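Structural overview for review
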Amino acid sequence: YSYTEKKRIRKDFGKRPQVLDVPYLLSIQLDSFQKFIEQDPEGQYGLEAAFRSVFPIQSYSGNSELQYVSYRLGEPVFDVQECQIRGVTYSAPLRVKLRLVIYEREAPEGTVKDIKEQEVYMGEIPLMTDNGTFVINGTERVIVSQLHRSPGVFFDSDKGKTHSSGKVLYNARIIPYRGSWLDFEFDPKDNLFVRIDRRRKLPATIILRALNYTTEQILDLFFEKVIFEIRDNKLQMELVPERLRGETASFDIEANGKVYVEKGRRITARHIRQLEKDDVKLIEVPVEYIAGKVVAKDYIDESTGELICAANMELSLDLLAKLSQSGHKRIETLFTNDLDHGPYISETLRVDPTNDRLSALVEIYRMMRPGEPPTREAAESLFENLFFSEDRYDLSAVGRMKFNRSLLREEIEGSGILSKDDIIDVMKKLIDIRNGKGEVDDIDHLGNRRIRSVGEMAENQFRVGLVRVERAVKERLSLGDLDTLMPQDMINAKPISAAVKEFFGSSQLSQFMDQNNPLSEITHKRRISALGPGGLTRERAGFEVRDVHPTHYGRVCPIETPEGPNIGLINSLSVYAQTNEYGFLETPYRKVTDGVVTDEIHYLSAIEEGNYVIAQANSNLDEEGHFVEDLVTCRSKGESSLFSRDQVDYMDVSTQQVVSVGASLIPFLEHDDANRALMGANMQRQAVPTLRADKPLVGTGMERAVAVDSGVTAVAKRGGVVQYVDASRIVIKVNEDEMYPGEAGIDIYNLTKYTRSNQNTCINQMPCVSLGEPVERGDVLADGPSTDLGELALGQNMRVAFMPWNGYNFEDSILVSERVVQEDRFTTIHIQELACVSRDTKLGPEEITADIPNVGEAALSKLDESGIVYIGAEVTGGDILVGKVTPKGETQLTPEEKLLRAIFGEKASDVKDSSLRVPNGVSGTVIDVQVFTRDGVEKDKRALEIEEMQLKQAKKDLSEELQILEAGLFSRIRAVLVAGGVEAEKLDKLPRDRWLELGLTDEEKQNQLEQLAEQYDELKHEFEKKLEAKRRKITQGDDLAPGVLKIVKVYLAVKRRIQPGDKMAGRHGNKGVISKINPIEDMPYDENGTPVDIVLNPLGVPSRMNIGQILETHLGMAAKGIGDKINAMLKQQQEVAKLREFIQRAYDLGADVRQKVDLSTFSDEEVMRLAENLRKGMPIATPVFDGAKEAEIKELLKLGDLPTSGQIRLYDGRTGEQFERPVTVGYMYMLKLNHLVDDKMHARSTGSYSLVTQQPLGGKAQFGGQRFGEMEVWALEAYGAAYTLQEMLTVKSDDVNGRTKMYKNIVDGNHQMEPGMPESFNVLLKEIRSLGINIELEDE
Amino acid sequence: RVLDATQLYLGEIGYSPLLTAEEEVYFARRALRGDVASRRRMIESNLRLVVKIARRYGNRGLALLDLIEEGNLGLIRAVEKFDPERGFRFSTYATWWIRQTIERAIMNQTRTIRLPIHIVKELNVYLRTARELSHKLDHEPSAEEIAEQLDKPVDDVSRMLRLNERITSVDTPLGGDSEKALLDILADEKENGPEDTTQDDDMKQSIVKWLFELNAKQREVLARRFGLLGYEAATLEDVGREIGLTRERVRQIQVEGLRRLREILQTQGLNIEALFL
Amino acid sequence: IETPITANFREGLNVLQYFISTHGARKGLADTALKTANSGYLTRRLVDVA
Amino acid sequence: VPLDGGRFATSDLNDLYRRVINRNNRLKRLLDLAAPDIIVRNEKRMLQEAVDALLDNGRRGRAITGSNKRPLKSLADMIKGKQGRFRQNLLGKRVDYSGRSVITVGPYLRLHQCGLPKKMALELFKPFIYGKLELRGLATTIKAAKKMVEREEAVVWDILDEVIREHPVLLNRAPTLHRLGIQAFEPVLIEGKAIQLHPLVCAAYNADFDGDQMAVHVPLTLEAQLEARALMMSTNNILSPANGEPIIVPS
DNA sequence: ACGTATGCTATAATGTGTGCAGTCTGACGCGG
DNA sequence: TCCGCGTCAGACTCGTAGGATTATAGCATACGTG
Ligand SMILES: Nc1ccn([C@@H]2O[C@H](COP(=O)(O)OP(=O)(O)OP(=O)(O)O)[C@@H](O)[C@H]2O)c(=O)n1
Ligand SMILES: [Mg+2]
Ligand SMILES: [Mg+2]
């Protein structure tokens, strides 16, 4: 165990030892984008792929061409720190080397004529952070991984297109990565059709003719052969015994010597073995049997030379006699069977109105380009271009892989283009399924739903940049002069830059990171969607997609999805789930070797899961051996039953792999309905971090994993002692073993201090380590906004009691103590950012001065001369943050204003007012202000005071860097010098600037002194250019929108307290509005006196079926009971040995506790720092399904000297008399949701008005009245209340006469109806007249 | 058959003369002297060349059908003014016209807010200068960075970049969710709500009461100067047209009316209360 | 589902018992969102005639 | 109209109009030139494409897509269906004297009562404060009354409190299924941003205090005050109209 | 004079295509 | 007159959130108002 763990240990009730440790939760996002930038040498991936794919590009003539050489990423112009603040993309320069090669025309290919070569920029690509975010225009945004139909082949069947026929019509469909679609489909008459791009329906033999296949070859490919010999006079026929199988003997079947079956008799398996063992090959048959049979190949009369009967023609008696006397006593026919080998291509050819190859390419061309007269080349070029050109078509690796294994092929990896073989093979398996063998694939299987992360999508969007450049290259090359024109003159950098920023902005997958909570960040990065482009739609979405599929097991979470119309499509990834190298998902599984459950793990694909039988994690291992029980509950083939020991092949690794991150944090999930579990995990993401991070007493263990991997905390890169602790930063000295011998070895971690979130909340990093503390590698040094000693802290736990209270907990309504409000524990932080813009209007430029017309000295008190509020100035709604003034035009001073400005005076400067003032209602503390100015017009004085600090603070901060880096660098040299020339004080006489002057003997350590000496100089010279970059970027003027001159961004610090209307919940979906903050006098309390914090309604439990909250309560109480005992011993100031015995007795209680923590290993000092954190309550871990049971909880309650029941004797605070009977009391870890009432409440009397509808606007954002829709209207129609409605149609909405007239009447007191007729109808009249329709209002 | 306006026209040009060198001269020679039939032919014949010239001038302002129409107008002006006697071909001379007429018609019908050629022509060179810079600076060029390479004014570059700003549609959905457009948010500048309408009505009714509370010769001079009761807003000197006919006594009486009215606002409860306003 | 849920909320579901519970839970909540429009559209249809 | 950000914005009609006028004027030009009929044909086909696209864009063929690869909104579209004038900007309206907020329980209230925040009812009854103020002679004018309210001075609360007494307010919850989806009460001012609703009528709204919001509406006219007290009052609405059975029943 | 608008250039070049393709139950409206 | 398949019509009601394009030569007389 580690030091940071020694400070506070979580009691783990797990009994299934973790063979696989929880992975980095942000694996997908980081590894995905890593592939995109990764310049692979050959195995093209990301950009390298994009270039080799499109390039080399050659002119339309083909005399000149552009060739890709190599590319590179320059370091970012502005780093994350800067980018987040300024407000422009955190992107890297793309420099690609191009080569313009030109050939000789009359000569063959003079490739060596002018090999021009240079490097060219095109577009700046947003980079990804270490958190898996993209900084777009100063916003850390997340690109959600997409879930789409995997390319290759797919067999489906509309179980009843025409329920008229009710025929299951089977269809096949080749889905490429790029290219046209290729579908084959049957019809009521079982005629095979082909519909390229699902366009026209064409007979399916027309595509085969296009691949040069004669009528004969076609038949010879699908159908078998039936041989007919006409010997002397008796007509004879070859019989494979296994053919007249499950059919009826239409004729008398007799052989060399025996009659087997009679006319009109079923030929059974007995009769088939009877014939097959007799080794029957030939049988004499009647001539009436051929009438109906289809002739296979063509048969020309040897004599004349004319076709007696063409291929694929139903024979007759007279045609057969015409063939017998022609001179053919060997006829080949089709093996037609209505049951097994079906005759489809046969009946299809009879519909097929085409003839040869060239004519088949015509109707294919007449489908897709109808109206253009076809030529030999246009018809051939089209068809060859569709599925047979390296340009148009690309199945890709996954496409060909799924395509091949769908056809049970030989190859995993093959060609991007469809070969003739592929097409016919597909038609073949479609016909196999139609016959009976072969099963259709289903889309809901994750083996067909591929995952596409950002890096692959960034690659795709980067291709369109290259495709849009391809156009401009070719056209400029051909007609443009060859020599003069340079390659960068033909390249454009905007089409690539615009096409990539299109993705990093407008796309549905690129959305603002939900970062109001570490859990929100990590679960939103692990979100996977089926929506946006190349996916599905709420309009298009069905049910079976949404439905949980047994493939989800271990791959996707069953209980993680919005309850909104985007319900089944959006889904989080499972805990231990990972992406298949091709695209599909895969889940860890413990291999079973010869019964022995081996610790070797194999990530089984969605495909191979179905193959092996998989035991559950419920199954018991024999401590290195096998399953203890002979029978094991297992699952396979998407079904579940008991199996024997040898039959088990694999097993679930952990018991948490079914669920996601969102769900792995819910304790006692096992005792919760999936409907409430979903809502609980959905609200846990909405949990605004509190003022003081409070650890959860009733956790799962996953707590630390989330907080750490979220990238919100600061964890140690190298272990050692914290040389310096500070609120702003942390300095740690590295140990000798880990420290590199070259550099000094002193890590710097400047902690992110209080600043804004995307949801307008607090972000802080407080040091969770003491000055001069020994820290191990990979330990949490600073905690985040919702984390505590590295563990996740989303909300706060408190003593809760389930019972009604005078209906203040009616429908899940919450009754919270004032004592919670007194501790300010659920009081939240909201850093709000407001801005002031100086624009350039037609009348003139605006500026920022304290000089504002029509103002009180009271308003300009908090401002300085420049016109910006001081840092630390408290502000309230109405007070002005930043003084702004714009030009006043030709302004018509109305007579009543010209006289009023002439009486009291103050002839306001021909300059309008528009100062940024605190929005009506908000009030907090200004923590900082940032000024952005165009590189030009002279600055404000406050803008100079801020430049003063940035500079002199950066000069100090860099001075501190080179100083401590110097001390750590000479600290090494001092130790090196002792080794050899041992002299202590005599060496430390003169100063340290003359230490590189001293050396050592010819030794490795003399080379070391030279490394550190010239590296000290390397830092000494580096320090100047580090200062240059800081100084310039502070002097640099910031590029703004056109019209804008300068901006001033203010940061406030609003601290909202909990109040009635605030929404809080547990993590079991138990929602609720705070109805009343009860007085401490009125709160119920136990015999001992301590009151309850929240009083919840017991009726929000049975109907909900989320008993996990009650177990959270019981354990929380037990856990606290133990903290209350430890709190008492630490207050009593007892002993180290007494605490050791009790705490050892606490950690060791569970049946088979996973963690067996001995305290004999802990030193006295390490025990007391532990107990001091255990006194608030012993933090407990209840794994998701391997959690604690009643036996363990009730045993813990006996250790806490708490009741076995969990119900306590409560007394009413109002009165003092006891309640009639006990109530459950305990500590439930509840949360404060983002839905706070200050951000909800709204009211309106009269305000803005809409632009054309002329009814009010919408929302408190724009100050708009509530909408009264038609449903709201019918309500008043039902009542009969006619004016109440007419009032809400006219005066309250449009009626321009009415609204103002009614206002004046109300202030008069005469609330009188004065209608006219809403504007929005007057609009509808003219709008119908604009459509050329006479709509006039016909009068009385 | 064919019901695409595109393919129909493209079919009818596919059955139109393809002229030789001496053919062009024969028709063109008669076309200048007005053969009527000749002018129709050379045009009909070279519609095919207009389409190949509009295949590179697309996706810039109008549609492909819109470019062919305005491209045809260039071929007509080329036929109105060709020189057959010159040994140089027609296809060469007509290309100069068809490329011009298209570019010009795109420069007008591309932008909603009409931009004449002068402001546009210049803007292009500023943008094409941004290309050179962007490739070698690897940084999208600023208004200054463009001004330093051309050695031209800063405001000009900025003024030309202010006319390159695009315009979003009012009916455009908001955030991958066609819930509300911009019209459902954008307020009406003109009419402020009854509160602001009744402010002026009540304020100006209170003034009608304050003018009847003053002297008869103090409201007759004060009102008719500001144009409150009178018809035209006159000045101290111009009040003499009515009956005053004074310059000193008009200025003493104007201010005497305002001084007694300042005490009427101190007593009713405004003065410094209504000074902030 | 042929195989129902044997356990209750006190004793606690195993890993599958919950996986099984999901299938019925998601489909029951899918018909809360999607099926509501047909019933609410009926209200609209009824009203206009009446 | 121009945006605050120096940008402009235009409706798609203007764009569709420019397509019609351009092609129509180009036809006038080609009829001046006596151009060959093959060209005149295209111009007439174009002109019709533009006119048909102006009346109803997405109908005859592909709807003319514009800047953001989306189709231009035509005329017919503003009269068509949900998003048309009828359903969206006529039968349904956003309404003045209207406010909404998280609701919470009101177990102390009687049936004919509901908690209404002060700062809510303040803004809601703004013209009724200015009215009662001129009567008492505390405001001489209305901009004077405006500032008196803004400063939130003590004696203004007592006037607001005066007008609200014996004055019903409409409380709506979404969705409005049956008539009882709106009921009227006598507002009781409470200091807090939460509305407090009567437990027994929670059934009619189906209002669960788990984060529900209810719209408030003030009946302005005296007839609306009588209508609200007579028809839409909670006490006058007990039994469901569907079944002759009480919906006002404890739970 | 200032801004907008109209005009001309002479190698040869002469027929476009581009891009989303698990919605669904119910109801007519033109041929076949 | 009846069957098949083409187009065309709906799919509940209120609340919140935030952003960005490419390019049209180049120069010399013709048309409109202080
Ligand atoms: N998509 C939604 C969600 C909620 N509602 C409204 O909100 C009410 C309450 O929803 P909810 O609180 O989720 O349901 P309850 O029946 O209260 O159940 P629970 O015990 O889970 O709170 C619904 O009846 C309905 O009026 C709705 O109309 N549409
Ligand atoms: Mg609710
Ligand atoms: Mg509820």
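Residues numbered from 1 in each chain as written, not as in the entry; some residues may be left out. Chains lettered and ligands numbered in written order. Part of a larger assembly, values for the part shown. Heavy atoms only, no water.

This deposited entry lists X-ray crystallography as its structure determination method and 4.002 Å as its resolution.

The next thing to look at is the UniProt feature "DNA-binding region" in chain B. The UniProt record marks residues 236-255 of chain B with the feature "DNA-binding region", using the residue numbering of this structure. Along residues 236-255 of chain B, the helical share is 40% and the strand share 0%, with 11 Å between the first and last C-alpha atoms. (UniProt positions renumbered as here; feature names shortened; annotations may be inferred. Helix = DSSP H or I, 4+ residues; strand = E, 2+ residues; numbered from the N terminus.)

Taken together, the protein donors to the magnesium ion (ligand 3) comprise D:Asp208 (OD) and D:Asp210 (OD), at separations of 2.1 to 2.4 Å. A separation of 4.0 Å is found between the magnesium ion (ligand 3) and the magnesium ion (ligand 2), both of which receive a donor from D:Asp208. (Donors = N, O, S within 2.8 Å, 3.2 Å for Na, K, Ca; no water.)

What follows concerns the packing of helix α31 (residues 1296-1308) of chain A against helix α5 (residues 127-136) of chain D. Axis separation between α31(A) and α5(D) bottoms out at 6 Å; the angle between their running directions is 40°. As judged from the angle between their axes, α31(A) and α5(D) are oblique. Two secondary-structure elements touch here, α31(A) through A:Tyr1303, A:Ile1306 and A:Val1307 and α5(D) through D:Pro127, D:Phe128, D:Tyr130 and D:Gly131. For the contact of α31(A) with α5(D), the class distribution of residues is 6 nonpolar, 1 polar and no charged. (Axes fitted to C-alpha atoms, helices over the stretch in contact; angles between N-to-C directions. Parallel < 35°, antiparallel > 145°, perpendicular 65-115°, else oblique. Contact = heavy atoms within 4.5 Å. Nonpolar A, V, L, I, M, F, W, Y, C, P; charged D, E, K, R; others polar.)

Okay, a nonpolar patch on the surface next. Judged by side-chain polarity, A:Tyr754, A:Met766 and A:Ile927 come together as a nonpolar surface patch covering roughly 300 Å² of accessible area. As for its position among the elements, A:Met766 is in strand β42 (residues 766-767). (Patch = residues over 30% accessible without salt bridge, like charges linked within 9 Å, V, L, I, M, F, W, Y side chains within 5 Å. Areas by Shrake-Rupley, 256 points an atom, 1.4 Å probe, with all protein chains shown as cover. Salt bridge = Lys/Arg side-chain N within 4 Å of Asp/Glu carboxyl O.)

The next thing to look at is the protein's contact with DNA strand F. Residues in contact with DNA strand F amount to 45 residues; listed here are only the nearest, A:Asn137, B:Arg128, B:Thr168, B:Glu179 and D:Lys82. Sugar and phosphate atoms form 56% of the subset of DNA strand F atoms that lie within 4 Å of the protein. In this structure, B:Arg111 approaches DNA strand F through a side-chain N or O atom, which is 3.0 Å from a base nitrogen. Between a base oxygen of DNA strand F and a side-chain N or O atom of D:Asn68, the distance comes to 3.4 Å. (Near = heavy atom within 4 Å. Polar contact = N/O pair within 3.5 Å; in protein donor to acceptor, adjacent residues only side chain to side chain.)

Turning next to the packing of aromatic side chains. All names here are of chain A. Tallying each qualifying case throughout the model produces 25 aromatic pairs over all chains. The rings of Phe 33, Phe 36, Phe 51, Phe 55, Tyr 68, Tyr 71, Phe 134, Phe 462, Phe 503 and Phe 504 are connected pair by pair, giving a single aromatic cluster. Over the aromatic face of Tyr 808 sits the side chain of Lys 1076, whose NZ or CZ is 4.5 Å from the ring centroid. (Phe/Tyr/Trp six-rings, centres within 6.5 Å; stacked < 30°, edge-to-face > 60°. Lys NZ or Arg CZ within 6 Å of the ring centre and 35° of its normal.)

Among the 43 residues in the neighbourhood of DNA strand E, the closest are listed as A:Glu372, B:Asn46, B:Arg86, B:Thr95 and B:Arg104. Backbone atoms, meaning sugar plus phosphate, form 33% of the atoms of DNA strand E positioned within 4 Å of the protein. One nitrogen or oxygen atom from the main chain of B:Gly14 is found 3.5 Å from a base oxygen belonging to DNA strand E. Between B:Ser91 and DNA strand E, the recorded distance is 3.0 Å, taken from a side-chain N or O atom to a phosphate oxygen. The element that contributes the greatest number of residues to the surface near DNA strand E is helix α6 (residues 90-109) of chain B, accounting for 8 residues. Partitioned by chemical class, the residues of the surface near DNA strand E number 15 nonpolar, 12 polar and 16 charged.

This part is about the interface of chain C and chain A. Accessible area lost during the coming together of the parts is what is often quoted as the interface size. Between chain C and chain A, the residue contacts involve 23 residues of the former and 40 residues of the latter. Together, the buried faces of chain C and chain A total about 3000 Å²; carbon and sulfur atoms form 67% of this surface. If you sort the residues of chain C by the area they bury against chain A, C:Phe9, C:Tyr18 and C:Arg26 come out on top, with a joint share of 28%. On the surface where chain C and chain A come into contact, there are 2 salt bridges. Close ionic contact of A:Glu1190 with C:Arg10 constitutes a salt bridge, the shortest N to O distance being 2.7 Å. (Buried area = accessible area lost by both parts, 1.4 Å probe.)

Once that is clear, we can look at the sheet that holds strand β9 (residues 152-158) of chain A. Residues and elements named next belong to chain A. What the 5 strands build is an open sheet, ordered β9-β10-β11-β12-β13; its pairing is antiparallel. Two strands bound the open sheet, and with one partner strand each, they are β9 and β13 (202-203). Here 4 bridges tie strand β11 (residues 182-185) to strand β12 (residues 193-196), and the two strands are oriented antiparallel to one another. Directly across from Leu 182, in β12, lies its bridge partner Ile 196. Across the sheet, helix α13 (residues 420-435) lies against β9, β10 (169-175) and β11, angled at about 155° from β10, the strand it touches most. (Pairing = 2+ DSSP bridges.)

Another aspect to go through is unusual backbone geometry. A cis amide bond, omega -5°, links A:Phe55 with the succeeding residue A:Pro56. Tracing the backbone through its elements, the reader meets A:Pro56 in the loop between α3 (47-54) and β2 (57-58). With an omega dihedral of 5°, the bond running from D:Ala174 to D:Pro175 counts as a cis peptide bond. Structurally, the position occupied by D:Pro175 is in the loop between β5 (169-173) and β6 (182-190). Within the chain, A:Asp232 stands out as a residue other than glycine whose phi angle is a positive 60°. With respect to the helices, strands and loops of the structure, A:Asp232 is situated in the loop between β14 (225-231) and β15 (234-238). Of note in this structure, A:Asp594 is not a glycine but carries a positive phi near 50°. Secondary-structure assignment places A:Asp594 in the loop between β30 (589-593) and β31 (596-601).

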